[PDB]
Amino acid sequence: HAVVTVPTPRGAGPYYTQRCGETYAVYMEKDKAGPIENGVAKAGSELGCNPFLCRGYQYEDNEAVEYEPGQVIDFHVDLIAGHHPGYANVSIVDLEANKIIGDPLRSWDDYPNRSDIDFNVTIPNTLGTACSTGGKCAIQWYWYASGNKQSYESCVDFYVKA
């Protein structure tokens, strides 16, 4: 059980409830640190979002922050319950394709272990126009608890002027 608290990641809003459905939205907001699979299972055929992209949180409910190439961003992860074994990465995802841009900004082969709950990441110089405006990219923190086959996600929407 864990979730990013800094920077402020995407949270619930109207499009979230509309697109994921009441069952997913209500189950997943009773514990913002819970894994995704349990919400998918409860929702069954009601589910209408991709809960493996930003936990199903939606761009239109949130606002993208402006970052400069080479800028360093401090992350804090509120860790309610550690699970072993497992791995994590923090990467820039292209929201339209659901594919990572370039390399992971940070990778752990064993997560959690404190360079795991309090860490930073650097914006590349190599992004081009790919993140030029809001809603094209986000920084996704992703943790897979292999022991429990549990997925944890948080997103930070951002743009870099190209």
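Residue numbers here begin at 1 and follow the sequence given.
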item: Absent coordinates between residue 113 and residue 114 - deposited residues affected, binned into four classes; value: 4 to 9
item: Between the two ranges 66-74 and 28-36, the one averaging a larger CA B factor in the entry; value: 66-74
item: Comparing 120-128 with 47-55, the one whose average Cα B-factor in the PDB entry is higher; value: 120-128
item: CA B-factor placement of residue 41, once the chain's modelled residues are sorted into thirds; value: lowest
item: Chain third (lowest, middle, highest) by recorded CA B-factor, residue given as residue 2; value: middle
